Every structure is written in structure tokens, then in C-alpha cells.
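Here is the structure we will look at.
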Amino acid sequence: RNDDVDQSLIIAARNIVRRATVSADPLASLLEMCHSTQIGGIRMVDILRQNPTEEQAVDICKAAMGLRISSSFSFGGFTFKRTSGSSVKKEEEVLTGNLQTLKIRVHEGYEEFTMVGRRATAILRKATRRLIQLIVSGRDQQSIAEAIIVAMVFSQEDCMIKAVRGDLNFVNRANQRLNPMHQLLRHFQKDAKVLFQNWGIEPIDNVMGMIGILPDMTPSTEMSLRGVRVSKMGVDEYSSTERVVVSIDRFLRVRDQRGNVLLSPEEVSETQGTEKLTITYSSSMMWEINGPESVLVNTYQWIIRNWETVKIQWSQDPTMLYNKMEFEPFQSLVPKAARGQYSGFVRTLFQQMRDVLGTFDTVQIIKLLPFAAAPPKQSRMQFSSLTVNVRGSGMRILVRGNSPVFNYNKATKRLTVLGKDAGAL
Ligand SMILES: CN1CN([C@@H]2O[C@H](COP(=O)(O)OP(=O)(O)OP(=O)(O)O)[C@@H](O)[C@H]2O)c2nc(N)[nH]c(=O)c21
């Protein structure tokens with residue numbers, strides 16, 4: 001068991017899951033990236049089949065491949081393992097303190113859980129829309145507070161629902177609505193003042209180990225939030241991993257065999273580590289990961305590598321070449337006002353090249369072929385340059401001759417892109 005492999009697998013899995021959510025078919029995209037990614041020179045799919053690491057993004061990728069994962073679920077970034085009791089679901093409408101209706105499954109029954117996070121751990125005891133007890137420990141008061149918030153929302157208590165202020169319209173990267181329980185999570189994670197204010201306070205017995213925490217997140221030996229105790233000693237976070245068969249849908253929601261959602265992209269951490277082992281993504285969907293600059297380098301690199309393939313497709317079947325998925329990373333950098341505008345001008349420049357027969361440039365085709373990917377509109381033509389938006393600044397590529405973005409030295413026969421090299425012919 002290597003820590004560097006585990007750490008790097010998690011980073012690779014998160015990046016792929018985040019990118020996959022924006023796709024039209026997130027599951028198929030995620031599998032494509034998993035099969036075209038290597039970590040420490042080993043294929044990611046081989047690592048996933050051999051690695052026991054349980055983490056949300058990793059387990060989403062494992063699920064995609066039909067592998068077993070932990071039976072536990074993720075909620076608010078905490079791993080929830082049910083240690084006792086059970087519940088049944090009753091679908092209900094509840095009114096927030098903004099009078100927004102939320103359709104939720106109220107869980108009926110008594111249950112006990114451990115909650116395991118990176119900076120905090122807790123035992124949660126709970127009944128129908130009621131938090132009975134929360135024993136929590138963590139690195140600092142802010143980390144304890146994160147766990148408190150999640151448990152309050154998970155409880156589904158009335159006073160939590162009524163503590164909502166303003167409207168809940170949180171969305172993911174694909175502009176899809178978060179589900180109601182995640183609407184509540186994101187809301188109170190942003191600001192828990194009203195939640196903690198309305199929750200209630202109680203006096204506590206001065207027990208050895210246990211202390212209180214107040215609405216302002218400061219500790220107290222005298223009183224605490226209702227049901228909440230802070231363990232000075234860290235709460236026991238160990239258990240044996242029980243792996244089970246799971247299913248997964250188009251949008252990367254992973255379910256156990258009872259149909260309960262264990263994981264989704266909403267449960268994947270936003271934190272970005274620096275990998276200890278080299279991760280190499282070969283998919284074009286991942287060219288964005290190193291910024292807008294590497295997307296240009298990679299786009300032109302890919303054209304030069306597969307030029308004998310592109311040169312055959314360019315003459316015969318041009319519509320198949322324009323509708324490649326490899327030019328979509330380039331098209332995102334092109335300003336939205338001029339995507340169909342340049343797609344006409346450049347597609348007509350290739351039409352004159354085929355019709356006149358003796359105007360085949362090669363350097364002009366590779367330089368401009370990414371602009372022809374969008375749906376074409378009519379063109380005024382005679383453009384001095386074509387703008388491509390990098391980090392804030394809109395650096396432009398000239399039609400004839402070189403530029404800062406595209407610098408082809410004719411003597412060297414090597415293409416440079418924003419300083420860095422990008423293949424050769
Ligand atoms: C409030 N919850 C939420 N929950 C589980 O947490 C996971 C994520 O909940 P969610 O984001 O509301 O998804 P959803 O599909 O709506 O969950 P549900 O199963 O409640 O319909 C699900 O597996 C859900 O069953 C719970 N599981 C148990 N055992 N007891 C509970 O009180 C609750």
C-alpha cells in the first residue's frame with residue numbers, strides 16, 4: 001500500500017469526475033478519461049482494480065467500471081456509516097423560512113451513525129426529524145462547526161428548515177439544480193448564524209472529556225447547542241471496509257442494491273492537491289486542466305501528431321473533421337460572439353483551397369482548422385486577426401503570417417505556441 005499512489009489516484013479521480021459532470025453523457029465521458037489516464041506510468045483502470053482506497057471520486061470511478069465500493073454513503077463531505085437501527089422513507093413537502101416548498105424523503109426511525117471527515121469526526125444519534133445526540137471532535141472550532149452543520153441538516157429538523165433565509169437555487173457545474181438536501185447543505189455551509197441561533201441551547205453536566213460549543217463557535221464548560229457535545233479526545237473513526245455491488249447512472253449517481261444514493265459529484269471535494277506521482281491524461285477533455293495556454297499547445301500538438309489522418313479527412317469528408325470532439329477545448333476559448341463568425345470565414349478559405357486546387361498551404365490549415373469546428377454562419381471575411389481569449393487578455397492570431405500565439409519558423413520546421421514547443425513537420 002503506497003501513499004503516493006493513493007494520493008495521486010484521488011487527485012486524478014476528482015479532476016475526471018469534475019470534468020465529466022459538464023459533459024452531455026457524464027458516465028461515458030468518465031470512462032473514456034479513466035481508460036486514457038495513467039498514474040505513475042500505470043493505467044488508471046489497473047490501479048482502480050487493485051487499490052482499496054475509499055474516497056468519493058475514486059469510488060465513483062470504481063462504480064463506473066462495475067467494481068465494488070464501501071457500503072457507506074457521503075453527505076456534506078462526511079462518510080456516514082450506519083452502526084445501528086433503521087429507517088423507512090416517506091416523501092413529504094416542507095416549507096422553508098422563505099416559503100419555498102421542498103420535496104424530501106423524511107426518514108422515519110431511530111438510527112446511529114459515525115460521520116468521518118478529513119478534519120472532524122462524530123457519532124450521530126437521530127430519530128424522525130430529530131437530532132438526539134451529536135458527539136463531535138475536530139482540529140479546530142471551524143472544523144467542528146462544519147460537522148455540526150451537516151448533522152443539523154441531515155437531521156431534517158423543523159427548526160433547521162425554518163432557519164432558511166432567502167431562496168435556494170444552487171446549481172452544479174452543468175447548471176443543474178442540486179437536490180433539496182444539498183440546497184440546504186450549501187445554504188447553511190455559506191452561513192449558519194440563523195441556524196445556530198434558532199437551534200436551542202442547554203446546560204451541560206461537566207463530564208470529563210465532553211465540553212460544549214455555543215452559536216458563536218466558542219467552547220463552553222457550562223452549556224452547549226441542544227444535543228451537541230465536543231469530545232476532547234478524538235472520536236473513534238475506525239471500522240472494517242464492507243464492499244458491495246453498486247449501480248451508477250448517466251449523471252454519476254451511485255446507488256446500493258436497495259436503491260439508496262451512496263455518492264454523486266455533489267459529494268466530491270473541491271480541494272485540489274499537488275500530485276506526488278505523475279498523472280498523464282491523454283483525453284482531449286483534460287487539456288483545460290493546465291489552463292487556457294496548454295489548451296492551445298495541446299490542440300496544435302494533436303493536429304500535427306495525427307496530420308496524415310487529418311489530411312485524408314480534410315479533402316474527402318470535411319464535416320466529420322469539423323465535428324471532432326478534440327476542437328471543443330479550442331472553441332471554448334473563442335469569444336461567444338464570434339464562434340459562428342470565424343467558422344464561416346475559415347470554412348470558405350478551405351473551400352477556395354479545394355476549388356482553386358493550387359493554393360494548398362498546410363501551415364494555414366493547421367493554424368486555422370480549430371476555428372471551423374463551430375456551426376457556420378455567413379461571413380464578411382478579410383479578417384486581420386482572429387481573437388482567442390486566454391486568462392483575461394484576448395490574444396489574437398493573424399490570418400497571414402505569424403503571431404505571439406502561433407509562431408511557425410519555416411527554416412526550423414517546428415511550431416512554437418506561447419513560448420513552448422508544439423510538434424514539428
Ligand atoms: C436524511 N437522510 C439522507 N440519507 C441518505 O443520504 C443519501 C443522500 O441523500 P440525498 O442527497 O437527500 O439523496 P436522496 O436520493 O434524495 O435521498 P433519499 O434516500 O432520502 O431519497 C441517501 O442515500 C439517503 O438515503 C439518510 N439515510 C439514513 N439512513 N437516515 C437518514 O435520515 C437519511
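Atoms within each ligand, like the ligands themselves, are counted from 1 in listed order. Numbers for residues simply follow the sequence, beginning at 1. Basis for what follows: all heavy atoms, side chains included, without hydrogens, waters or symmetry-related copies.
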Out of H107, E108, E91, indicate the one that has the non-hydrogen atom closest to atom 27 (N) of ligand 1.
-> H107

Is the CZ atom of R250 crowded by more than 12 outside heavy atoms at less than 6.0 Å?
-> yes

Nearest protein heavy atom to atom 30 (N) of ligand 1, by residue and atom, and its distance?
-> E111 OE1, 2.8 Å

Residue among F345, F383, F330 satisfying side chain to side chain contact (heavy atoms under 4.5 Å, CB included) with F371 = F330

When you look for heavy atoms under 4.0 Å from ligand 1, do you find them on the side chain of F154, its backbone, both, or neither?
-> both

Under 3.5 Å between some N or O of ligand 1 and some N or O of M181?
-> no

Does a side chain donor of either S70 or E54 reach within less than 3.5 Å of an acceptor in the other side chain?
-> no

Hey, is CZ on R226 packed in by over 12 heavy atoms from elsewhere, all under 6.0 Å?
-> yes

Can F80 be said to touch ligand 1, with heavy atoms closer than 4.0 Å?
-> no

The atoms of ligand 1 lying under 4.0 Å from a heavy atom of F113, numbered in the order shown, are 28 (C), 29 (N), 30 (N)

Minimum-distance pair of heavy atoms, taken over all atoms of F80 and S72 | O-CB, 3.3 Å

Compute the shortest N/O to N/O distance between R105 and ligand 1 and return yes if it is under 3.5 Å, no if not.
-> yes

Between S283 and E32: side-chain donor-acceptor atoms closer than 3.5 Å = yes

Contacting atoms of ligand 1, where contact means under 4.0 angstrom from a heavy atom of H182 = 11 (O)

How far is atom 5 (C) of ligand 1 from its nearest protein heavy atom, and which residue and atom name does that atom have?
-> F73 CE1, 3.8 Å

In terms of residue, atom name and distance, what is the protein heavy atom nearest to atom 15 (O) of ligand 1?
-> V261 CG2, 3.8 Å

Within the structure, does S74 bring an N/O atom to less than 3.5 angstrom of an N/O atom in ligand 1?
-> no

Modelled atom types, side-chain donor and acceptor of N172 and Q176, under 3.5 Å = yes

Rounded to the nearest 0.5 Å, what's the gap from OG1 on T299 to CD on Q331? Could you check?
-> 10.0 Å

Does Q301 use its side chain to pair, donor to acceptor, with the backbone of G423 at less than 3.5 Å?
-> no

Which residue and heavy atom of the protein sit nearest atom 9 (O) of ligand 1, plus the separation | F75 CD1, 4.4 Å

Which atoms of ligand 1 have any heavy atom of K126 under 4.0 Å away?
-> 32 (O)

Looking only at N/O atoms, are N260 and ligand 1 under 3.5 Å apart anywhere?
-> no

More than 12 foreign heavy atoms under 6.0 Å from NZ of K276: is that the case here?
-> no

Shortest non-hydrogen contact from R339 to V334?
-> NE-O, 3.1 Å

Close N or O approach (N179, ligand 1; < 3.5 Å) | yes

Atoms of ligand 1 close to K89 [distance to a heavy atom under 4.0 angstrom, numbered from 1] = 18 (P), 19 (O)

Considering all protein heavy atoms, does one lie under 4.0 Å from atom 25 (O) of ligand 1?
-> yes

Under 4.0 Å between heavy atoms, the region of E266 that gets near ligand 1 turns out to be neither

